[PDB]
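*Asks:* My sequence and its experimental structure, below.
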Amino acid sequence: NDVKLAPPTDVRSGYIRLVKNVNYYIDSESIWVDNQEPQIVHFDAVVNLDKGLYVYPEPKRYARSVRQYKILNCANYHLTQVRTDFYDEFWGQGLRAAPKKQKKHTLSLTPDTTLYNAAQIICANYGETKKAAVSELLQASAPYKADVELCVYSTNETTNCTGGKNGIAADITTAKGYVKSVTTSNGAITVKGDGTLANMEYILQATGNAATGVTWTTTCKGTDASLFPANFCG
């Protein structure tokens, strides 16, 4: 038949308008992310209709809303529509029409696209640190500093306080996390960052001995040395 609907004027809790169409909502409560793929955001869009769609076995029953299951890749702004469901109540609830085949399709959300700003917002909230990374870079030298001090008290010199000698652990030459490498030579521990910290490096140098006192200097290098914590760099 032909039924005219009056879509709800007030926004239901958990739904939000982010596009020109006031009857098209993002269902905030539906949003989920798998932490193993942290830039891939799963969500439903919901449209409240202004005319019923007769898509049920019973010829008098009609849909009042549509729920579209979407996947947004925040790394490349690709948006995939996965499934479309028709519901007999507003807000994508109630009895669901029989499933139809979705021509699964993906598109790139460039700045002219209707959903571009909605995607920016979804990504800001769900699609994904630096201080914790820098802390790990600092912690990398800790075991080596301890090893070098032990060496200096035992041997009475900084010469030969080198990785793989005098109880000093071997140099780390395999990148792991934010640490590219840790090397120790003659009382100098050189730490280089990796990835986001690739432009950060520091050198901890031991000088002296028991009688003079064992002193440490910290020298920082790299274009991003400004990211080191207050008072760290000498």
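*Replies:* Received, thanks. Residues are numbered from 1 along each chain as shown.
*Asks:* Please make it C-alpha for all contacts and neighbour counts, starting now.
*Replies:* Will do.
*Asks:* any idea which helix is longest in the chain?
*Replies:* helix 142-155 (DSSP state H).
*Asks:* for residue 107, which residues make a bridge with it?
*Replies:* Residue 107 forms beta bridges with residue 79, as assigned by DSSP bridges.
*Asks:* Run through the bridge partners of residue 213.
*Replies:* Bridge pairing for residue 213 - DSSP bridges - gives residue 209.
*Asks:* what's the angle between the next helix or strand after the longest helix of the chain and helix 142-155?
*Replies:* For helix 142-155, the succeeding helix or strand toward the C-terminus, using DSSP states H and E, is strand 179-185. Between strand 179-185 and helix 142-155, the angle comes out at 10 degrees (axes from the mean of the first three to the mean of the last three CA atoms, to 10 degrees).
*Asks:* Identify the residues contacting strand 179-185?
*Replies:* The contact list for strand 179-185, computed with CA atoms under 8 Å, 6 or more residues apart in numbering, reads 136-137, 140-141, 144, 159-163, 170-175, 189-194, 198.
*Asks:* Mark which of the residues you listed are buried, thanks.
*Replies:* 137, 140-141, 144, 160-163, 171-172, 189-194 (16 or more other CA atoms under 10 Å).
*Asks:* quick one: which of these is nearest residue 66?
*Replies:* Closest approach between the buried ones among the contacts of strand 179-185 and residue 66, by CA to CA: residue 194, at 46.9 Å.
*Asks:* wait, doesn't that closest one sit right on residue 177?
*Replies:* Yes - the pair residue 194 / residue 177 is scored as a contact, 7.2 Å apart, by CA atoms under 8 Å.
*Asks:* in the chain, which spans are helices?
*Replies:* Using DSSP H, helices in the chain cover 116-126, 130-139, 142-155.
*Asks:* Break this protein into its domains for me.
*Replies:* 1-132, 133-234 (curated CATH domains).
*Asks:* returning to that earlier point: the helices of the chain into a markdown table, with extra columns for distance to residue 54?
*Replies:* What follows is the helices of the chain, written out as a markdown table (distance: least, CA to CA, whole Å):
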| stretch | distance to residue 54 |
| --- | --- |
| helix 116-126 | 30 |
| helix 130-139 | 54 |
| helix 142-155 | 70 |
